[PDB]
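Engineer:
Number of protein chains: 8
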Amino acid sequence: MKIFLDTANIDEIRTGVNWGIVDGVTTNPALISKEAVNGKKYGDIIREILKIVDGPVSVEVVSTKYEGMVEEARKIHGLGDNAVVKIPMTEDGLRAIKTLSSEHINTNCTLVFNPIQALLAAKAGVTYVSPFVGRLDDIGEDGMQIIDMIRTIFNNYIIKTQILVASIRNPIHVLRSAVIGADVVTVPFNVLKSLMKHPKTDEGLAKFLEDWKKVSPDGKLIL
Amino acid sequence: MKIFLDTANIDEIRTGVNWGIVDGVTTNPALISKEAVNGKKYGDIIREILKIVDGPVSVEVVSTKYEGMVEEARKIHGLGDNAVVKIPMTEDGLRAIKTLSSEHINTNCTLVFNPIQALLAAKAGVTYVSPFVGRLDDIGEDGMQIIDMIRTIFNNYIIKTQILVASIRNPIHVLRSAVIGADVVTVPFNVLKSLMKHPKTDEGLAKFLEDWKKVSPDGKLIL
Amino acid sequence: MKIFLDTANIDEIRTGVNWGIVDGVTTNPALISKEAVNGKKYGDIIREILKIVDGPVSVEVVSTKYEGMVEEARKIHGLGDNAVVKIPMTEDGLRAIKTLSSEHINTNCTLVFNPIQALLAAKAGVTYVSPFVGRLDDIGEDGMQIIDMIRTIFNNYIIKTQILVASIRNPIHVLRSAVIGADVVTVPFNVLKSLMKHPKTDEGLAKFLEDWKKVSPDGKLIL
Amino acid sequence: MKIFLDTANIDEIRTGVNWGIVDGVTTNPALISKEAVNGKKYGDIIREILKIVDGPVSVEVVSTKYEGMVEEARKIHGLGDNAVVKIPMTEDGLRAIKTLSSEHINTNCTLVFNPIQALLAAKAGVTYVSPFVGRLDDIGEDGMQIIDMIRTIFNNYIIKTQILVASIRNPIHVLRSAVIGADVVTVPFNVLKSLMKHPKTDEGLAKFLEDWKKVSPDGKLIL
Amino acid sequence: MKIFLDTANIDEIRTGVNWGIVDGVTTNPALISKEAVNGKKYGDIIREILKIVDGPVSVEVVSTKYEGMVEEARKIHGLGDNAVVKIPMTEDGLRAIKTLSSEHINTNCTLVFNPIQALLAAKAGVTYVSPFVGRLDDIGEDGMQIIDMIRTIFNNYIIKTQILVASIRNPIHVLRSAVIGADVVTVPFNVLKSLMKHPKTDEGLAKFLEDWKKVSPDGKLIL
Amino acid sequence: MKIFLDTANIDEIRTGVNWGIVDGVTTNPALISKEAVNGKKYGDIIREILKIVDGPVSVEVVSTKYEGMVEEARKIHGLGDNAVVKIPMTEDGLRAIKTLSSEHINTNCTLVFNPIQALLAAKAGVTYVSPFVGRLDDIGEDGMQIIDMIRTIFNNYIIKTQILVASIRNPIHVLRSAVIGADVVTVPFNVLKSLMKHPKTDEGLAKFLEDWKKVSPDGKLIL
Amino acid sequence: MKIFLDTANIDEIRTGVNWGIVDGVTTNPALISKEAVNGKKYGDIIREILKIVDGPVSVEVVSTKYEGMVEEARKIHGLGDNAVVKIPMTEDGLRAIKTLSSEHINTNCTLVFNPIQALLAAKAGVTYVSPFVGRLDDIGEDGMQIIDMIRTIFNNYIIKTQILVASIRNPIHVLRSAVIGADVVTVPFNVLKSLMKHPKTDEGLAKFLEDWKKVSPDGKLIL
Amino acid sequence: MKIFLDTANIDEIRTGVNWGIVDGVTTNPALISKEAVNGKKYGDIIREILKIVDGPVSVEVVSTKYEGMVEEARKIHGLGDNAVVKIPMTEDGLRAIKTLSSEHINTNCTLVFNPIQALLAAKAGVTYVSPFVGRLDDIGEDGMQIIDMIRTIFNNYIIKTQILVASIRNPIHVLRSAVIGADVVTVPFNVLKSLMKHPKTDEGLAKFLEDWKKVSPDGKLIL
Ligand SMILES: *[C@@H](CO)[C@@H](O)[C@H](O)[C@H](O)COP(=O)(O)O
Ligand SMILES: *[C@@H](CO)[C@@H](O)[C@H](O)[C@H](O)COP(=O)(O)O
Ligand SMILES: *[C@@H](CO)[C@@H](O)[C@H](O)[C@H](O)COP(=O)(O)O
Ligand SMILES: *[C@@H](CO)[C@@H](O)[C@H](O)[C@H](O)COP(=O)(O)O
Ligand SMILES: *[C@@H](CO)[C@@H](O)[C@H](O)[C@H](O)COP(=O)(O)O
Ligand SMILES: *[C@@H](CO)[C@@H](O)[C@H](O)[C@H](O)COP(=O)(O)O
Ligand SMILES: *[C@@H](CO)[C@@H](O)[C@H](O)[C@H](O)COP(=O)(O)O
Ligand SMILES: *[C@@H](CO)[C@@H](O)[C@H](O)[C@H](O)COP(=O)(O)O
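Chains as they are written, first to last, in the authors' numbering: chain C, 1 to 223; chain D, 1 to 223; chain B, 1 to 223; chain A, 1 to 223; chain E, 1 to 223; chain C', 1 to 223; chain D', 1 to 223; chain B', 1 to 223. A prime marks a further copy of an entry chain.
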């Protein structure tokens with residue numbers, strides 16, 4: 001399972017990549033506008049992320065019309081080969097995905113909330129589909145159930161579109177995604193950081209360190 | 001999963017084709033007779049759909065006897081290579097399917113209501129079998145259970161006939177067909193258009209464009 | 001399980017009542033406005049339905065504010081003892097239900113789309129809660145799964161609010177509701193009419209008539 | 001589980017009643033007309049069965065209209081207190097059932113092929129409902145599944161209508177009805193007699209009989 | 001769960017009665033004829049078992065005709081109040097069971113090999129029904145599945161007939177009968193003795209013995 | 001299922017109670033110190049919450065030693081009859097719960113992370129036990145599974161301690177708690193507010209309002 | 001679920017009693033012989049535990065013959081009304097249990113390794129039966145499966161013998177016993193103390209007291 | 001499944017290796033410091049184990065910083081080709097694993113307590129990942145459930161990191177690991193010794209020896 005960082009915060013992206021545990025980044029217009037404050041331009045932020053991340057970087061078009069979407073998508077693609085064009089699940093979005101796929105531009109269909117939407121995006125040739133589990137949780141349905149059904153549907157038809165679980169809120173979204181077999185999760189930094197941690201890891205490390213002081217006073221392993 | 005449009009209405013077909021999510025069309029004598037009013041003739045309707053749709057186009061014979069069905073099927077085949085001959089599940093229909101299969105004329109066995117009917121159609125060599133889920137629902141049995149059994153039976157014997165789910169009434173027939181693994185669904189236009197839609201997609205799109213207005217006055221993505 | 005008729009059409013209600021299989025009626029503002037055209041007034045439609053139907057008749061308030069809802073609910077209550085006040089699942093609607101319940105005015109909480117909303121309505125003391133299965137089917141979620149969860153939740157806490165399955169589109173919504181154990185279904189007239197019918201009932205009746213003609217050419221039973 | 005005999009053949013009924021395992025009888029127009037030959041009249045056949053069978057005896061109306069059904073029902077009732085009036089699942093039949101039940105005349109609703117039909121018959125007050133399992137088997141659906149659903153539905157609502165499994169063709173219909181918990185099965189005579197039999201019973205009897213000739217030559221148990 | 005001994009050997013019964021774990025006895029013509037050798041008469045054997053065993057003692061008739069079975073059953077009854085008359089699952093056997101039940105003579109229907117035979121014996125009023133699990137195992141059918149189905153059936157109808165698992169061959173027949181909830185098992189003596197034993201029991205005692213030798217060489221518990 | 005608000009924010013508590021959907025409040029030392037800023041005293045905050053909430057108000061002791069806990073608990077209890085003393089799952093906490101239970105002071109055992117801790121608290125007589133699902137989610141285990149096991153354990157032993165699900169982060173914790181059958185959930189305000197809402201409720205209300213304008217221009221229900 | 005301490009060590013018993021979570025004690029000749037060193041005698045140990053523990057205190061006989069066991073059991077009973085006589089699963093042990101049960105001396109059958117042994121002990125009238133889960137684990141079978149079967153068997157027959165899970169090695173034996181519904185677990189002291197503990201309890205407690213220092217310098221709760 | 005020995009005790013390792021059932025060894029700082037007492041040095045213990053064991057030997061770094069870990073890991077690697085570097089699940093440990101993996105130095109990520117940590121370690125390229133089942137049992141969570149999830153996750157993504165079950169306490173951890181399909185278990189010596197043994201193996205051997213003595217008083221097989 002690949003793990004993407006769901007942020008436009010450059011410092012978070014740097015730190016996450018410096019852990020070697022981040023395989024790419026997803027952004028969206030909200031996450032970008034959060035960071036485009038106090039003189040920082042959205043265009044510089046996008047170029048900087050594309051520079052520092054070796055893996056895919058998902059960047060969302062803002063136009064709602066087919067022509068504007070394909071035009072913006074070609075510009076996004078021109079910024080670097082790791083750019084992935086994020087495109088909403090709409091009638092025009094699907095048309096744009098089909099055209100862009102034929103042009104060998106990688107695409108990520110976003111704002112997906114049920115398995116049939118996901119299937120339609122795959123039929124259009126989309127590289128990744130992003131169902132939003134947290135926003136489903138918000139409306140009182142277990143979002144992970146939609147991930148499970150997409151995985152089954154994609155398995156049934158040997159679909160090559162990757163399932164990119166998005167709107168992740170907690171480490172159990174991540175655990176359930178991995179057990180289901182989703183291709184990718186995208187996580188906020190706070191969630192990313194918690195995935196490495198466990199209280200018994202902390203405790204066991206402290207105890208081993210104390211045990212070793214009985215045999216080596218300076219805490220080193222001299223071999 | 002392939003998605004066909006279940007209509008003889010030219011504008012619905014034109015619209016759904018232009019969306020890029022319609023892989024074919026199914027018709028029947030009722031659908032065609034609805035469009036053959038105020039001047040239009042059934043031959044023009046059939047020829048016009050064949051022209052618009054690159055994928056399979058299923059057209060039903062009207063004869064009930066073997067010889068009439070085979071003669072009408074050859075005339076339907078003559079209209080274009082993408083024509084598929086729809087034939088009812090009857091003794092004469094099965095004989096016709098076996099004859100036409102040997103002539104390499106694609107066939108679609110219709111009016112199928114249980115799994116063993118579907119198996120018999122497959123044994124006669126039919127290209128597609130169309131179980132009617134909505135008409136089973138109407139009589140108080142969950143029509144999707146028949147799709148699940150047909151899928152298992154066809155998997156057991158490596159059967160190459162495609163399951164074409166028909167008499168579809170709502171987007172859950174479509175969801176459950178995909179989870180089962182049916183090869184094709186054919187859907188009325190009203191159903192097809194709903195498949196792309198979800199209120200959270202609409203809410204999330206409107207919110208993203210509002211966020212973007214905080215960094216781009218004219219709502220543009222300049223890169 | 002009670003079966004209500006989901007219409008404001010007086011001819012449909014008269015017919016279903018005469019069949020003896022209609023235990024009540026649900027209306028909403030869409031249904032009522034469909035009938036109050038070309039002269040007929042909405043207050044007259046409501047009153048005629050109250051007169052015809054011996055069972056509960058659900059009539060929805062139009063105000064969105066607590067004070068207006070309660071005022072409208074009292075005028076609804078005053079039209080006849082079988083009137084039930086239909087109230088939307090909103091903050092003001094919950095407050096209205098709590099007040100009307102304390103006044104021994106029967107209430108029906110509507111526009112419910114997940115099990116926790118249904119629980120909230122039951123906690124406000126609502127007489128009936130109406131989850132909309134067909135509108136969930138429309139957005140790609142199996143609406144009956146919400147009914148199943150509500151039944152389990154209500155069973156857990158011995159809740160007395162009745163589950164009134166609404167937005168019903170087909171006889172399998174009805175079948176599954178009964179298997180789950182929902183208290184009420186409300187159905188449109190074309191669904192109601194299908195519930196009695198089965199092709200093997202029709203076929204068996206015809207056959208038994210022919211059998212009887214052998215021992216009695218007139219077709220009567222003389223005992 | 002009560003066990004009824006599904007026949008109008010007086011020799012079969014006598015033979016089966018003579019065994020102590022027959023709790024009642026069901027007839028229908030076909031079963032009666034098969035026996036009403038060679039100067040034998042349907043009225044005598046019915047009266048004879050009523051006299052010989054302590055338990056319920058189900059006798060089917062032939063009128064298809066409400067008023068004719070109620071009039072035939074009362075005449076059937078007048079033939080004996082054990083008579084039960086068999087009435088088809090139609091709009092007129094439901095109306096007739098509701099009238100007869102209020103007159104304390106026992107009823108049996110027949111020609112039932114799905115669970116919601118069975119529920120409607122129970123809601124009209126019918127004493128017994130008879131789903132036809134064999135005729136469902138004939139059309140490619142496992143009829144016993146319908147019994148299972150009706151049992152669950154009736155349990156959910158504490159329904160007092162007895163489930164009378166009809167159109168029984170083999171002893172596995174009977175076994176499955178008992179495991180489900182149906183209240184009654186009605187069986188043809190050939191099925192009835194097979195229910196007592198098993199090859200290991202026969203083989204065991206013969207061995208014990210031979211084992212006993214070792215200790216007692218004449219085959220007696222002198223105590 | 002009650003536990004009976006399945007034998008006619010007086011020494012086995014005497015030994016098992018000494019243990020306090022045998023609740024009754026079953027015999028059959030094969031078992032009785034094995035002990036009636038070298039001048040021991042079957043009449044003596046039956047009387048001595050009745051005297052030794054406080055609980056039910058099952059003794060099988062030898063006639064196959066109704067009158068003879070009822071006559072023999074009455075002689076058996078007269079031998080002691082704890083006598084239970086064992087009667088085969090046949091047409092005359094069901095008739096005899098019904099007659100004897102009405103005479104308040106306890107009965108045990110034997111040579112039962114499926115659940116419907118067990119149901120029929122229960123409907124005749126039988127006190128105990130004895131399905132033969134070992135003989136089903138012999139013919140390649142898991143005999144315990146029949147016990148499971150009988151338990152479910154008897155539970156569905158609140159049947160008072162006790163399930164007496166017979167033809168037991170090993171301790172797992174016993175374990176599974178207890179997990180199912182059968183009322184009684186009857187076991188051969190070699191099975192009965194095995195039920196108390198387990199190698200970890202034997203090992204644990206020896207070790208506790210050795211431990212106590214450290215504290216008290218005497219081997220006593222002076223309190 | 002009772003719903004508590006998990007906050008010490010007086011404005012949130014006022015608003016939640018003014019919806020009639022809040023059955024009590026839980027606090028802890030963190031939530032209280034959040035509000036005890038800029039001249040507001042912790043003691044006034046606790047008294048104010050106890051004043052405005054009619055249901056239970058859980059207030060946590062700060063002492064870690066048994067004597068300090070029982071002393072603080074008696075002071076908390078003295079502030080009002082709705083006060084519940086929140087006590088951590090420690091050796092001294094359990095001793096304090098036992099003493100306080102005998103004094104008829106209601107208690108809430110907090111910081112519970114597995115089902116056996118919950119059982120020990122119930123054995124001590126605790127009124128409520130609070131397992132922390134969100135903090136389990138944080139460490140990579142599905143916290144709701146612990147709620148499920150506690151419910152089963154409590155069911156097994158007819159335990160009267162109420163399960164109070166705490167550390168709730170999202171509406172699916174709430175839905176799963178209700179399906180499991182937990183006695184109480186305690187939720188932050190943001191979660192509380194989301195429980196009432198659904199996009200289809202919003203949409204349906206807007207549509208009904210527009211439909212009614214065709215029949216009543218001023219949007220009122222004049223009866 | 002009752003929790004007993006499985007030890008003869010006086011200080012462990014004293015400590016666990018003072019915690020309020022120990023409902024009784026089990027001993028065996030090995031546990032006692034461990035404490036009967038450096039002067040202390042087994043009689044003083046047994047008498048001293050009986051004094052400290054209000055609940056049941058199980059004390060094992062050392063004789064292997066019926067008469068010795070019954071005599072030792074009467075002497076154990078004489079030591080206090082809370083004494084329970086532990087007797088192995090052997091033929092003489094079962095006889096002793098039956099005799100002692102009639103004398104109203106409470107008993108505990110030990111060295112039980114499968115469900116049928118437990119059933120036999122229950123049929124002899126034993127107060128508690130102790131299956132050894134840890135010693136089953138040692139030989140490669142999951143000992144908790146035996147507890148689950150015993151629970152089902154005892155439920156089937158409304159058996160009043162309490163299941164006392166023994167040879168417990170870890171807190172998951174305890175968890176699974178509670179989920180199954182065993183009546184009692186007996187645990188070594190090391191296991192008992194771990195049952196109250198969890199790292200997140202420790203982390204959360206330390207964090208709460210840190211938060212409170214921001215509003216109360218001396219860490220006190222003044223109300 | 002490979003079986004490693006989890007000890008630094010050279011006498012235990014020698015013994016297990018001589019049995020032929022030990023495929024490798026795991027150590028940690030606690031285990032090593034237990035043996036390096038009263039003269040013996042830690043560097044000598046490690047070297048002797050590397051010499052004795054032909055299979056993998058896991059030796060844990062003591063530094064907590066990336067640079068120190070890699071330096072220590074290289075000195076460990078240099079001691080022999082069978083050395084595996086054990087590295088804790090921390091941010092610096094993941095970085096170290098990634099670096100060492102690129103240097104073709106085999107690694108073992110330790111102190112893993114949930115499936116997502118195990119996934120992270122596999123993504124860093126670790127040779128073996130060691131979840132601690134016994135430490136999870138200690139805190140009241142069934143540690144084997146984490147092994148089951150890791151196996152499923154690893155199967156989903158065709159991950160080549162081997163699952164090395166650690167913190168093993170009993171032979172049922174071993175049994176369940178094999179049923180799940182874990183790649184390796186590492187066991188303490190007292191667990192290892194039990195894996196070969198079963199009381200029925202011992203009993204059957206004794207019996208077969210007695211049987212042979214009948215046909216051969218010396219006890220040999222002369223062929
Ligand atoms: C792009 C899709 O892969 C992502 O940035 C998604 O927009 C977010 O993951 C959605 O998350 P929120 O629901 O928190 O906006
Ligand atoms: C041909 C078979 O695929 C289709 O046109 C079918 O006739 C329809 O799908 C049947 O649907 P209705 O039950 O709505 O006629
Ligand atoms: C009132 C009970 O809430 C009913 O009239 C419901 O409004 C309808 O059943 C909703 O159905 P539609 O989704 O077809 O409007
Ligand atoms: C009356 C209803 O219980 C019965 O006589 C039914 O008509 C028959 O059981 C129907 O059986 P067939 O399918 O064999 O007519
Ligand atoms: C009487 C009925 O309970 C019993 O004695 C049975 O005949 C035997 O249990 C049958 O056993 P076999 O199959 O071993 O004869
Ligand atoms: C008291 C226990 O019922 C509550 O206030 C709990 O402390 C909180 O619910 C714990 O939640 P957090 O994990 O967010 O502190
Ligand atoms: C008596 C029966 O409850 C207990 O003392 C048992 O002897 C022990 O629980 C057995 O445990 P070990 O297997 O550790 O001896
Ligand atoms: C190394 C593999 O990670 C092993 O030595 C582990 O540290 C131990 O198996 C952990 O066991 P304990 O929980 O008994 O220390």
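Heads up, the beta-carbon is just placed ideally off N, CA and C, and yes, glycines get one too.
Please list, in chain order, the chain C' residues whose beta carbon lies closer than 7 Å to that of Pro-217/C.
Structural biologist: Stepping through the first sequence from its first residue, residue 217/C is reached at position 217. Correct list: empty, because the minimum Cβ distance to chain C' is about 33 Å.
Engineer: Give a yes or no on whether 8 Å exceeds the smallest Cβ distance from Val-191/E to chain D'.
Structural biologist: For the purposes of this step, residue 191/E is taken as the residue at position 191 of the fifth sequence. Judged by the 8 Å Cβ criterion, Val-191/E is not in contact with chain D'.
Engineer: Checking contacts by CB at 8 Å: is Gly-93/D closer than that to chain B?
Structural biologist: Your numbering for residue 93/D matches position 93 in the second sequence. It does not; no Cβ of chain B falls within 8 Å.
Engineer: Do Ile-21/E and residue 230/D' come within 8 Å of each other at the CB atom, strictly closer than that value?
Structural biologist: Residue 230/D' lies beyond the range of chain D' shown here (1 to 223); nothing can be said about it.
Engineer: The alpha helix (DSSP H) with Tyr-66/C in it runs from where to where?
Structural biologist: Here residue 66/C corresponds to residue number 66 of the first sequence, with the count starting at 1. Its alpha helix (DSSP H) spans residues 66-78.
Engineer: I'd like the list of long-range same chain contacts for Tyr-42/B', defined as Cβ closer than 6 Å, with 5 residues on each side in sequence excluded.
Structural biologist: Indexing the eighth sequence from 1 puts residue 42/B' at position 42. The residues are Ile-32, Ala-36.
Engineer: Using a Cβ-Cβ distance cut-off of 8 Å, determine whether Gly-134/A contacts chain D.
Structural biologist: Here the question's residue 134/A lines up with position 134 in the fourth sequence. Taking Cβ atoms only, chain D never reaches closer than 8 Å to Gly-134/A, which makes this a no.
Engineer: Measure the C-alpha to C-alpha separation of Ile-76/D' and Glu-60/D' and round it to an integer number of angstroms.
Structural biologist: In the seventh sequence, residue 76/D' corresponds to position 76, counting from 1. In the seventh sequence, residue 60/D' corresponds to position 60, counting from 1. Between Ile-76/D' and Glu-60/D', the C-alpha separation is close to 9 Å.
Engineer: Does any residue of chain E bring its CB to less than 8 Å from the CB of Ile-168/D'?
Structural biologist: Residue 168/D' sits at position 168 when you count from the first residue of the seventh sequence. Taking Cβ atoms only, chain E never reaches closer than 8 Å to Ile-168/D', which makes this a no.
Engineer: When you compare each of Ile-87/D', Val-191/D', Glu-48/D', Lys-214/D' to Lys-40/C' by their alpha carbons, which one comes out closest?
Structural biologist: Looking up residue 40/C' in the sixth sequence gives position 40. Here the closest residue by C-alpha is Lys-214/D'.
Engineer: In whole angstroms, what is the alpha-carbon distance linking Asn-108/B and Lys-207/D?
Structural biologist: Within the third sequence, the letter at position 108 stands for residue 108/B. Within the second sequence, the letter at position 207 stands for residue 207/D. Rounded to whole angstroms, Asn-108/B to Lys-207/D spans 33 Å at the Cα level.
Engineer: With a threshold of 8 Å between beta carbons, is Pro-171/D' in contact with chain C'?
Structural biologist: Stepping through the seventh sequence from its first residue, residue 171/D' is reached at position 171. Yes, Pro-171/D' lies at the interface with chain C' (some Cβ there is under 8 Å from its Cβ).
Engineer: At what residues does the beta strand (DSSP E) containing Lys-160/C begin and finish?
Structural biologist: Along the first sequence, read from residue 1 onward, the residue named residue 160/C stands at position 160. Looking at the DSSP string, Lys-160/C is not in any beta strand (DSSP E), and its letter there is neither H nor E.
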